[PDB]
Each structure stands twice: as C-alpha cells, then as structure tokens.
>>> print(open('start_26.cif').read())   # mmCIF, C-alpha atoms
data_coords
loop_
_atom_site.group_PDB
_atom_site.id
_atom_site.type_symbol
_atom_site.label_atom_id
_atom_site.label_comp_id
_atom_site.auth_asym_id
_atom_site.auth_seq_id
_atom_site.Cartn_x
_atom_site.Cartn_y
_atom_site.Cartn_z
ATOM 1 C CA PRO X 2 20.175 -11.705 86.464
ATOM 2 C CA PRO X 3 23.336 -10.777 88.490
ATOM 3 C CA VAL X 4 23.038 -7.166 89.882
ATOM 4 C CA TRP X 5 25.870 -4.756 88.940
ATOM 5 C CA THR X 6 27.013 -1.819 90.999
ATOM 6 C CA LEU X 7 28.326 1.395 89.436
ATOM 7 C CA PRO X 8 31.804 1.036 91.006
ATOM 8 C CA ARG X 9 32.169 -2.472 89.594
ATOM 9 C CA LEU X 10 31.029 -1.320 86.142
ATOM 10 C CA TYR X 11 33.716 1.385 86.373
ATOM 11 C CA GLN X 12 36.308 -1.207 87.420
ATOM 12 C CA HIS X 13 35.347 -3.283 84.367
ATOM 13 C CA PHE X 14 35.678 -0.275 82.038
ATOM 14 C CA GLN X 15 39.206 0.280 83.421
ATOM 15 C CA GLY X 16 39.932 -3.399 82.991
ATOM 16 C CA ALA X 17 38.806 -3.421 79.375
ATOM 17 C CA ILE X 18 40.932 -0.393 78.559
ATOM 18 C CA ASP X 19 43.958 -1.929 80.382
ATOM 19 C CA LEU X 20 43.626 -5.090 78.304
ATOM 20 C CA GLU X 21 43.269 -3.197 75.001
ATOM 21 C CA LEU X 22 46.294 -1.054 75.902
ATOM 22 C CA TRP X 23 48.318 -4.130 76.922
ATOM 23 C CA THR X 24 47.979 -5.508 73.367
ATOM 24 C CA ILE X 25 49.300 -2.331 71.713
ATOM 25 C CA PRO X 26 52.976 -2.468 72.807
ATOM 26 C CA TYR X 27 52.817 -6.263 72.374
ATOM 27 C CA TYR X 28 51.676 -6.074 68.739
ATOM 28 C CA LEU X 29 53.839 -3.024 67.978
ATOM 29 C CA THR X 30 56.944 -4.821 69.278
ATOM 30 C CA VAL X 31 56.201 -7.778 66.914
ATOM 31 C CA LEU X 32 55.356 -5.441 64.036
ATOM 32 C CA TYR X 33 58.559 -3.444 64.032
ATOM 33 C CA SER X 34 60.662 -6.602 64.416
ATOM 34 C CA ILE X 35 59.743 -7.494 60.853
ATOM 35 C CA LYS X 36 62.500 -6.134 58.652
ATOM 36 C CA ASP X 37 60.448 -5.865 55.467
ATOM 37 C CA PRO X 38 57.313 -3.705 55.871
ATOM 38 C CA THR X 39 55.820 -4.852 52.577
ATOM 39 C CA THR X 40 55.374 -8.422 53.834
ATOM 40 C CA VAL X 41 51.914 -9.856 54.509
ATOM 41 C CA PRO X 42 52.409 -10.352 58.285
ATOM 42 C CA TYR X 43 53.588 -6.783 58.670
ATOM 43 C CA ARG X 44 50.530 -5.306 56.941
ATOM 44 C CA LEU X 45 48.176 -7.687 58.808
ATOM 45 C CA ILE X 46 49.624 -6.696 62.186
ATOM 46 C CA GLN X 47 49.760 -2.982 61.447
ATOM 47 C CA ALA X 48 46.052 -2.851 60.617
ATOM 48 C CA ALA X 49 45.324 -4.821 63.829
ATOM 49 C CA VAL X 50 47.364 -2.392 65.964
ATOM 50 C CA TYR X 51 45.392 0.526 64.576
ATOM 51 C CA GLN X 52 42.166 -1.314 65.444
ATOM 52 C CA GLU X 53 43.365 -1.857 69.023
ATOM 53 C CA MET X 54 43.939 1.902 69.368
ATOM 54 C CA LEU X 55 40.422 2.498 68.109
ATOM 55 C CA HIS X 56 39.158 -0.043 70.682
ATOM 56 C CA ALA X 57 40.860 1.939 73.447
ATOM 57 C CA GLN X 58 39.130 5.121 72.259
ATOM 58 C CA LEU X 59 35.723 3.371 72.079
ATOM 59 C CA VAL X 60 36.062 2.005 75.552
ATOM 60 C CA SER X 61 36.948 5.510 76.810
ATOM 61 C CA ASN X 62 33.841 6.850 75.021
ATOM 62 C CA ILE X 63 31.565 4.209 76.530
ATOM 63 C CA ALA X 64 33.067 4.637 80.035
ATOM 64 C CA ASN X 65 32.821 8.415 79.793
ATOM 65 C CA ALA X 66 29.156 8.249 78.760
ATOM 66 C CA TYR X 67 28.569 6.355 82.067
ATOM 67 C CA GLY X 68 30.578 9.021 83.953
ATOM 68 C CA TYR X 69 34.002 7.356 84.243
ATOM 69 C CA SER X 70 37.177 8.734 82.619
ATOM 70 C CA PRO X 71 39.698 5.881 82.380
ATOM 71 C CA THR X 72 43.374 6.388 83.147
ATOM 72 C CA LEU X 73 46.238 4.654 81.471
ATOM 73 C CA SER X 74 49.546 3.518 82.831
ATOM 74 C CA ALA X 75 52.378 1.541 81.266
ATOM 75 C CA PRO X 76 51.536 -2.183 80.907
ATOM 76 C CA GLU X 77 53.834 -4.947 82.093
ATOM 77 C CA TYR X 78 55.050 -7.947 80.133
ATOM 78 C CA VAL X 79 56.024 -10.698 82.487
ATOM 79 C CA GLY X 80 55.645 -14.455 82.508
ATOM 80 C CA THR X 81 52.349 -15.513 80.912
ATOM 81 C CA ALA X 82 50.136 -12.866 82.582
ATOM 82 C CA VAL X 83 47.552 -11.307 80.203
ATOM 83 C CA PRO X 84 45.296 -8.700 81.920
ATOM 84 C CA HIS X 85 41.906 -10.194 82.926
ATOM 85 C CA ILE X 86 42.258 -13.408 80.867
ATOM 86 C CA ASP X 87 42.502 -16.934 82.340
ATOM 87 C CA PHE X 88 42.759 -19.624 79.663
ATOM 88 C CA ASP X 89 42.298 -22.270 82.394
ATOM 89 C CA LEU X 90 38.652 -21.271 82.274
ATOM 90 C CA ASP X 91 38.306 -22.560 78.720
ATOM 91 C CA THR X 92 37.763 -26.108 77.433
ATOM 92 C CA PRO X 93 39.988 -27.126 75.777
ATOM 93 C CA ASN X 94 42.542 -24.785 77.348
ATOM 94 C CA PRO X 95 43.760 -23.038 74.192
ATOM 95 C CA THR X 96 47.293 -22.823 75.672
ATOM 96 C CA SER X 97 47.394 -26.572 74.809
ATOM 97 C CA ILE X 98 47.081 -25.545 71.143
ATOM 98 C CA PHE X 99 48.965 -22.236 70.970
ATOM 99 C CA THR X 100 52.155 -23.276 72.677
ATOM 100 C CA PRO X 101 54.795 -22.043 73.295
ATOM 101 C CA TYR X 102 53.425 -18.621 74.344
ATOM 102 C CA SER X 103 54.557 -15.691 76.579
ATOM 103 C CA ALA X 104 53.497 -12.308 77.912
ATOM 104 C CA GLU X 105 57.108 -11.192 77.384
ATOM 105 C CA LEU X 106 57.792 -8.925 74.493
ATOM 106 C CA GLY X 107 59.615 -10.321 71.412
ATOM 107 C CA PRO X 108 59.823 -10.447 67.613
ATOM 108 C CA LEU X 109 57.588 -12.158 65.061
ATOM 109 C CA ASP X 110 58.335 -15.713 66.285
ATOM 110 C CA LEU X 111 56.126 -18.691 67.139
ATOM 111 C CA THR X 112 55.919 -17.764 70.814
ATOM 112 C CA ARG X 113 54.618 -14.236 69.978
ATOM 113 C CA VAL X 114 52.262 -15.311 67.163
ATOM 114 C CA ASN X 115 50.815 -18.024 69.424
ATOM 115 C CA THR X 116 50.214 -15.397 72.167
ATOM 116 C CA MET X 117 48.497 -13.097 69.592
ATOM 117 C CA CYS X 118 46.179 -16.006 68.648
ATOM 118 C CA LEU X 119 45.439 -16.604 72.346
ATOM 119 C CA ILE X 120 44.646 -12.935 73.056
ATOM 120 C CA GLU X 121 42.108 -12.882 70.248
ATOM 121 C CA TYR X 122 40.778 -16.393 70.946
ATOM 122 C CA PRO X 123 37.031 -16.403 70.083
ATOM 123 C CA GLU X 124 34.517 -16.728 72.895
ATOM 124 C CA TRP X 125 32.545 -19.433 71.072
ATOM 125 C CA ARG X 126 35.546 -21.816 71.163
ATOM 126 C CA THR X 127 35.889 -21.473 74.985
ATOM 127 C CA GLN X 128 32.758 -23.592 75.542
ATOM 128 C CA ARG X 129 31.734 -21.651 78.610
ATOM 129 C CA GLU X 130 28.752 -19.784 79.881
ATOM 130 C CA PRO X 131 29.847 -16.127 80.396
ATOM 131 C CA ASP X 132 30.321 -15.366 84.065
ATOM 132 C CA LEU X 133 28.139 -12.291 84.475
ATOM 133 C CA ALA X 134 28.821 -11.584 88.174
ATOM 134 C CA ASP X 135 30.168 -8.002 88.764
ATOM 135 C CA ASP X 136 33.015 -9.314 90.982
ATOM 136 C CA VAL X 137 34.614 -11.412 88.226
ATOM 137 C CA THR X 138 37.998 -10.103 87.167
ATOM 138 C CA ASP X 139 39.217 -12.930 84.874
ATOM 139 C CA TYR X 140 37.498 -14.256 81.804
ATOM 140 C CA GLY X 141 38.195 -17.013 79.245
ATOM 141 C CA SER X 142 38.251 -14.616 76.271
ATOM 142 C CA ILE X 143 37.928 -10.934 75.380
ATOM 143 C CA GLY X 144 34.501 -11.648 74.015
ATOM 144 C CA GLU X 145 33.353 -12.996 77.354
ATOM 145 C CA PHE X 146 34.708 -9.897 79.114
ATOM 146 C CA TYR X 147 32.585 -7.771 76.724
ATOM 147 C CA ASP X 148 29.545 -9.984 77.283
ATOM 148 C CA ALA X 149 29.724 -9.265 81.050
ATOM 149 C CA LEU X 150 30.281 -5.579 80.336
ATOM 150 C CA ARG X 151 27.030 -5.404 78.252
ATOM 151 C CA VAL X 152 25.081 -6.719 81.287
ATOM 152 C CA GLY X 153 26.399 -4.032 83.638
ATOM 153 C CA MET X 154 25.925 -1.407 80.934
ATOM 154 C CA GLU X 155 22.295 -2.376 80.472
ATOM 155 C CA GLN X 156 21.448 -2.427 84.149
ATOM 156 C CA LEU X 157 23.132 0.901 84.723
ATOM 157 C CA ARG X 158 21.959 2.686 81.528
ATOM 158 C CA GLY X 159 20.260 5.376 83.631
ATOM 159 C CA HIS X 160 23.711 6.832 84.151
ATOM 160 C CA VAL X 161 24.322 7.372 80.427
ATOM 161 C CA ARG X 162 24.748 11.020 79.481
ATOM 162 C CA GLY X 163 25.257 12.127 75.874
ATOM 163 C CA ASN X 164 28.235 14.098 74.587
ATOM 164 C CA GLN X 165 30.122 13.510 77.791
ATOM 165 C CA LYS X 166 33.884 13.719 77.404
ATOM 166 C CA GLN X 167 33.743 11.947 74.042
ATOM 167 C CA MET X 168 36.760 11.549 71.767
ATOM 168 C CA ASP X 169 36.958 11.027 68.004
ATOM 169 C CA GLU X 170 40.464 10.524 66.504
ATOM 170 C CA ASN X 177 31.692 7.159 55.731
ATOM 171 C CA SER X 178 30.390 6.854 59.370
ATOM 172 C CA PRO X 179 28.998 9.001 62.141
ATOM 173 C CA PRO X 180 31.353 9.764 65.051
ATOM 174 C CA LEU X 181 31.838 6.601 67.078
ATOM 175 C CA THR X 182 30.670 8.375 70.181
ATOM 176 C CA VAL X 183 27.752 8.410 72.550
ATOM 177 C CA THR X 184 25.728 11.510 71.725
ATOM 178 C CA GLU X 185 22.427 10.578 73.430
ATOM 179 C CA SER X 186 21.446 10.046 77.056
ATOM 180 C CA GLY X 187 19.756 7.244 78.914
ATOM 181 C CA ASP X 188 18.428 4.295 76.845
ATOM 182 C CA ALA X 189 19.287 5.829 73.442
ATOM 183 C CA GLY X 190 22.934 6.411 74.515
ATOM 184 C CA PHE X 191 23.041 2.931 75.946
ATOM 185 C CA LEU X 192 21.990 1.589 72.504
ATOM 186 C CA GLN X 193 24.810 3.656 70.860
ATOM 187 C CA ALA X 194 27.284 2.303 73.468
ATOM 188 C CA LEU X 195 26.238 -1.245 72.548
ATOM 189 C CA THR X 196 27.061 -0.559 68.926
ATOM 190 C CA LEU X 197 30.556 0.545 69.970
ATOM 191 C CA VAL X 198 30.983 -2.733 71.919
ATOM 192 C CA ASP X 199 29.869 -4.677 68.786
ATOM 193 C CA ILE X 200 32.474 -2.955 66.637
ATOM 194 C CA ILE X 201 35.179 -3.862 69.200
ATOM 195 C CA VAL X 202 34.214 -7.537 69.473
ATOM 196 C CA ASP X 203 33.511 -7.975 65.707
ATOM 197 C CA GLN X 204 37.035 -6.715 64.959
ATOM 198 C CA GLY X 205 38.752 -9.092 67.401
ATOM 199 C CA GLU X 206 36.895 -12.393 66.899
ATOM 200 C CA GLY X 207 34.398 -11.739 64.089
ATOM 201 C CA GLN X 208 30.599 -11.359 63.859
ATOM 202 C CA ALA X 229 36.570 -7.660 56.912
ATOM 203 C CA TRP X 230 39.040 -10.045 58.542
ATOM 204 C CA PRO X 231 39.046 -10.494 62.345
ATOM 205 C CA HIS X 232 42.276 -10.372 64.413
ATOM 206 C CA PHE X 233 42.049 -14.037 65.446
ATOM 207 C CA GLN X 234 41.765 -15.232 61.855
ATOM 208 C CA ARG X 235 44.567 -12.862 60.709
ATOM 209 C CA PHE X 236 46.940 -14.146 63.399
ATOM 210 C CA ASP X 237 46.046 -17.809 62.881
ATOM 211 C CA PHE X 238 46.863 -17.204 59.202
ATOM 212 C CA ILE X 239 50.328 -15.929 60.117
ATOM 213 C CA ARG X 240 50.809 -18.829 62.550
ATOM 214 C CA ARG X 241 50.204 -21.268 59.654
ATOM 215 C CA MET X 242 52.482 -19.692 57.010
ATOM 216 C CA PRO X 243 55.399 -21.715 55.600
ATOM 217 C CA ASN X 244 57.798 -18.759 55.178
ATOM 218 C CA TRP X 245 58.069 -16.082 57.867
ATOM 219 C CA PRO X 246 59.824 -12.842 57.004
ATOM 220 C CA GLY X 247 63.240 -11.947 58.450
ATOM 221 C CA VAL X 248 63.182 -10.247 61.843
ATOM 222 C CA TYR X 249 65.579 -8.075 63.749
ATOM 223 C CA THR X 250 67.489 -9.726 66.500
ATOM 224 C CA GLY X 251 67.665 -8.169 69.959
ATOM 225 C CA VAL X 252 68.338 -8.647 73.613
ATOM 226 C CA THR X 253 65.997 -7.641 76.363
ATOM 227 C CA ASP X 254 68.804 -6.139 78.506
ATOM 228 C CA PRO X 255 71.437 -4.365 76.431
ATOM 229 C CA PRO X 256 74.523 -2.989 78.241
ATOM 230 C CA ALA X 257 74.510 0.027 80.425
ATOM 231 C CA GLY X 258 75.748 2.897 78.420
ATOM 232 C CA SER X 259 74.901 1.269 75.108
ATOM 233 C CA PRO X 260 73.060 2.940 72.182
ATOM 234 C CA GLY X 261 70.443 0.178 72.500
ATOM 235 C CA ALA X 262 69.815 0.922 76.203
ATOM 236 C CA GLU X 263 69.488 4.601 75.321
ATOM 237 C CA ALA X 264 67.040 3.651 72.559
ATOM 238 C CA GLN X 265 64.987 1.841 75.183
ATOM 239 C CA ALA X 266 65.185 4.831 77.490
ATOM 240 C CA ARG X 267 63.892 7.113 74.744
ATOM 241 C CA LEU X 268 60.981 4.764 74.108
ATOM 242 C CA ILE X 269 60.122 4.562 77.814
ATOM 243 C CA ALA X 270 60.101 8.350 78.058
ATOM 244 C CA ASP X 271 58.119 8.962 74.824
ATOM 245 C CA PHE X 272 55.609 6.218 75.774
ATOM 246 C CA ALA X 273 55.120 7.847 79.229
ATOM 247 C CA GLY X 274 54.494 11.163 77.512
ATOM 248 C CA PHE X 275 52.100 9.628 75.070
ATOM 249 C CA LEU X 276 50.041 8.046 77.913
ATOM 250 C CA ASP X 277 49.964 11.513 79.644
ATOM 251 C CA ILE X 278 48.547 12.966 76.353
ATOM 252 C CA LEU X 279 45.919 10.179 76.243
ATOM 253 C CA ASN X 280 44.974 10.603 79.903
ATOM 254 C CA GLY X 281 44.107 14.235 79.240
ATOM 255 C CA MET X 282 42.046 13.244 76.219
ATOM 256 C CA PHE X 283 40.233 10.438 78.022
ATOM 257 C CA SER X 284 39.249 12.964 80.731
ATOM 258 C CA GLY X 285 37.635 15.381 78.237
ATOM 259 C CA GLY X 286 40.691 17.470 77.227
ATOM 260 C CA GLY X 287 41.344 18.569 73.683
ATOM 261 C CA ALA X 288 43.781 16.689 71.515
ATOM 262 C CA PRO X 289 47.018 18.757 71.677
ATOM 263 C CA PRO X 290 49.097 19.479 68.562
ATOM 264 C CA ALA X 291 51.567 17.019 70.341
ATOM 265 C CA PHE X 292 49.161 14.087 69.514
ATOM 266 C CA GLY X 293 49.849 13.160 65.811
ATOM 267 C CA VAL X 294 53.510 14.336 66.459
ATOM 268 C CA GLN X 295 53.896 12.213 69.627
ATOM 269 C CA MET X 296 52.383 9.111 68.009
ATOM 270 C CA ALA X 297 54.346 8.173 64.799
ATOM 271 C CA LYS X 298 57.403 9.048 66.722
ATOM 272 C CA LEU X 299 56.705 6.023 68.971
ATOM 273 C CA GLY X 300 56.933 3.777 65.974
ATOM 274 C CA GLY X 301 60.254 5.318 65.043
ATOM 275 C CA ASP X 302 61.403 4.746 68.636
ATOM 276 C CA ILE X 303 60.340 1.062 68.586
ATOM 277 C CA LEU X 304 62.028 0.420 65.238
ATOM 278 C CA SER X 305 65.163 2.115 66.442
ATOM 279 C CA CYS X 306 65.416 -0.313 69.412
ATOM 280 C CA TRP X 307 65.248 -3.297 67.091
ATOM 281 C CA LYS X 308 67.737 -1.854 64.648
ATOM 282 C CA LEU X 309 70.163 -1.378 67.587
ATOM 283 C CA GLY X 310 69.715 -4.959 68.834
ATOM 284 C CA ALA X 311 67.524 -4.042 71.836
ATOM 285 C CA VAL X 312 64.056 -5.517 72.318
ATOM 286 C CA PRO X 313 61.586 -2.694 72.798
ATOM 287 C CA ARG X 314 60.838 -1.811 76.436
ATOM 288 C CA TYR X 315 57.913 0.398 77.623
ATOM 289 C CA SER X 316 58.549 0.992 81.314
#
>>> encode(input="start_26.cif", output="structure tokens")
Amino acid sequence: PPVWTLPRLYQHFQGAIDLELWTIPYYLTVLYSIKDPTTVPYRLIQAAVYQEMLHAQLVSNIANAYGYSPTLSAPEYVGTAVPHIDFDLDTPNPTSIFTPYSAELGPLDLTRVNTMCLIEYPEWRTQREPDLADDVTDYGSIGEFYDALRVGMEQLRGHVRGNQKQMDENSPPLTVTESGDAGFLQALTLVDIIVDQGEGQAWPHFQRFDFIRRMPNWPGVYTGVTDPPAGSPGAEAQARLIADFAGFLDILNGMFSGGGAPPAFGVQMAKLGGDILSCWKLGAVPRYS
C-alpha cells in the first residue's frame, strides 16, 4: 500500500477543492446563457451547480478535520486544461467521444456540454487501476482522484479532530464531529456523497449532462463575445463580476478557515448570478478574473 505523507494529503485536499471550484464558474456560465430558465437543461444544470458548491464545502470540512484549511483563488479557463484531470490516462480516451470540447467559458453549446460530460466522466469507464501514489497530481476521472484521497485519509486518520473549523451552509450536519477513526468514518461518508452525486453509486451529473448532450432541441442562448470593447457596458459587466467573484472567494476563505458566515454571504451569492446573467444580456461572455 503506497505510503502518504501529511503534506501530500493536504496538497490533494487543495487539489480537490480547486477542481470543484473550477466547475462552478464553468457550469454557471453555461446556465445563465440559457435564455429560458424553465427549460429542462437550465433546471438540470442549476441543481448540479448547487451540488458542486456543496462538494466544495464538504471538501473543506474533510480537509479541516485533518487540520488543513483550504484557500480559494479564481480559476482559469484556457485551452483544454481541467485541474488535475488527464483524459489521456483513460481507455478509450473519452475526448474521442465528447468532441469538440474546451476549458474556455461559453454558452450551452456542444463544446460546453461535451466538456461537462468529460468533467463528470465515471471512473468505471476509464478502465484504469487508480494510481494511489501520493505524488500523483493528474487522474483519469474525479472518481479516481477521490479514490486516491480515501487512501491518504485512511492512513492519516490519526490526525482527524472533531468539530474542527467545520462549515454547514432531514439529515445531520454534513460535518466531521468526531475524532480519530470515528471522524475518519464520517469523512468517508462525505466523500461518498460527493462521488455519488457526480458519477452515481437521484440523477448523477454525468447522466444529466449526457441527457442534455443527446437532446434534439436545445433552448435559445444569449450570444456574447469574450472580449467586448474597452469602455463598453459589457466590459463593465465583466469587471463587476470579476470584483464580486473576488469578494465572494474572500468570504469563502474566511469561512473555510473557521470564520463565521457574515451577513454578506447570502447577499454576496445570488448577486453573482445576477452579475453573470447581466454579462450575457449585454453580449459579453462571463469572465471571473
């Protein structure tokens, strides 16, 4: 069994949260591109976005139980780079199926829906043995990443402390309240919720997105350019989003380090969605940094 060090476990916690966070602006950007919010793909994506946010919280709770407070910074959307995922590891390479695809932000189009299918691609389809070494940074699927994380978590369960900088924004709190082996067992449950929601063990993200990919009639989407003119309302809409997103990550950083949720939290949040929609309405693709 490959031996994990505490620093590497911490690096993997940070990696998992970076990947979950990376999906949020991606999915949100697609979501708000859809003109009609009553449509099936809109409601499917919205629920998925909310689950990603929950995943981020759960990862923070697990990491914090092991003594690490994660920190968030604005993700980047360039080329075909997805944090910590290498599809070249998988057989068949699912980019041969879900193509075209891109890490660049865009509306509900084939390129974006294909990418969403790729992100949530189930570990069982990769046909690979999980690479459990603590120096691995790239995996073939999210599920494989979480498989490796469970190994480090088990080996280092002596570090688990209950009620340690836990966050919770019928069911008990989805937090680690116990120490040592008991808290490790709670942490494992939180990992299971994360993975079950993405790829399946109601309706997992992969299946949801593959459903959208297969539909005959996609809803109308806003049109936008990635680089609106200097001076323009659309550029200023982007600037507002960049600022509000920065502020929202500052709020989360405090929370992930054991701070209380400020009154600015529910206020800050839904505002982001208004900011993203406003970009699209002005003909500017949402931008987050």
>>> residues_around(input="start_26.cif", residues="residue 43 of chain X", least_positions_apart="3", cutoff="12 Å", atoms="only C-alpha atoms", output="VMD selection string")
chain X and resid 28 to 40 46 to 50 108 to 109 235 to 236 239 245 to 248
>>> atom_distance(input="start_26.cif", atom1="atom CA of residue 262 of chain X", atom2="atom CA of residue 313 of chain X")
9.6 Å
>>> axis_aligned_box(input="start_26.cif", around="segment 35-50 of chain X", padding_each_side="3 Å", output="AutoDock Vina command-line options")
--center_x 53.9 --center_y -6.4 --center_z 59.3 --size_x 23.2 --size_y 14.0 --size_z 19.4
>>> closest_residue(input="start_26.cif", among="X:90, X:252, X:201, X:152", to="residue 56 of chain X", atoms="all atoms listed in the file")
X:201
>>> resolve_selection(input="start_26.cif", expression="the PyMOL selection byres ((chain X and resi 164) around 8)", output="list in words")
residues 66, 162, 163, 165, 166, 167, 182, 183, 184 and 185 of chain X
>>> atom_distance(input="start_26.cif", atom1="atom CA of residue 126 of chain X", atom2="atom CA of residue 91 of chain X")
8.1 Å
>>> decode(input="start_26.cif", residues="segment 4-67 of chain X", atoms="C-alpha atoms", output="short mmCIF file (atom, residue, chain, number, x, y, z; two decimals), in the first residue's frame")
data_model
loop_
_atom_site.label_atom_id
_atom_site.label_comp_id
_atom_site.auth_asym_id
_atom_site.auth_seq_id
_atom_site.Cartn_x
_atom_site.Cartn_y
_atom_site.Cartn_z
CA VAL X 4 2.54 5.48 1.99
CA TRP X 5 1.03 9.01 2.16
CA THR X 6 2.59 11.97 3.88
CA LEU X 7 0.53 14.68 5.59
CA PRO X 8 1.77 17.45 3.25
CA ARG X 9 0.75 15.44 0.19
CA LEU X 10 -2.68 14.69 1.68
CA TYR X 11 -3.05 18.45 2.22
CA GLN X 12 -1.97 19.12 -1.38
CA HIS X 13 -4.64 16.66 -2.55
CA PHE X 14 -7.33 18.35 -0.43
CA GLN X 15 -6.40 21.68 -2.08
CA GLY X 16 -6.46 20.00 -5.46
CA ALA X 17 -9.91 18.54 -4.92
CA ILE X 18 -11.29 21.89 -3.82
CA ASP X 19 -9.62 23.65 -6.81
CA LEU X 20 -11.26 21.19 -9.20
CA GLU X 21 -14.71 21.52 -7.58
CA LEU X 22 -14.39 25.32 -7.68
CA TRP X 23 -13.23 25.25 -11.32
CA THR X 24 -16.54 23.61 -12.33
CA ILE X 25 -18.69 26.29 -10.65
CA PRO X 26 -17.97 29.28 -12.95
CA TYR X 27 -17.93 26.83 -15.89
CA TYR X 28 -21.42 25.48 -15.17
CA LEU X 29 -22.76 28.88 -14.07
CA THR X 30 -21.58 30.47 -17.34
CA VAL X 31 -23.49 27.76 -19.32
CA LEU X 32 -26.52 28.04 -17.04
CA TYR X 33 -27.09 31.75 -17.39
CA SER X 34 -26.55 31.60 -21.17
CA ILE X 35 -29.87 29.79 -21.44
CA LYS X 36 -32.49 32.44 -22.10
CA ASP X 37 -35.46 30.49 -20.75
CA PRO X 38 -34.99 29.36 -17.12
CA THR X 39 -37.95 26.99 -17.23
CA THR X 40 -36.24 24.71 -19.76
CA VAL X 41 -35.05 21.23 -18.79
CA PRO X 42 -31.31 21.91 -19.36
CA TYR X 43 -31.48 25.02 -17.22
CA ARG X 44 -33.04 23.22 -14.25
CA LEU X 45 -30.67 20.23 -14.66
CA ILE X 46 -27.61 22.48 -14.64
CA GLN X 47 -28.79 24.68 -11.79
CA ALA X 48 -29.25 21.70 -9.47
CA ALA X 49 -25.76 20.45 -10.49
CA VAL X 50 -24.16 23.84 -9.72
CA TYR X 51 -25.67 23.80 -6.25
CA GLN X 52 -24.26 20.29 -5.73
CA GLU X 53 -20.79 21.47 -6.77
CA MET X 54 -20.95 24.21 -4.12
CA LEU X 55 -21.91 21.59 -1.56
CA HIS X 56 -18.93 19.48 -2.73
CA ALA X 57 -16.61 22.43 -2.09
CA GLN X 58 -17.99 22.77 1.45
CA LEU X 59 -17.61 19.01 2.11
CA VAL X 60 -14.05 19.00 0.93
CA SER X 61 -13.32 21.98 3.23
CA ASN X 62 -14.92 20.05 6.11
CA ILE X 63 -12.88 16.91 5.44
CA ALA X 64 -9.63 18.89 4.99
CA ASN X 65 -10.29 20.91 8.13
CA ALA X 66 -10.92 17.76 10.19
CA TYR X 67 -7.36 16.68 9.14
#
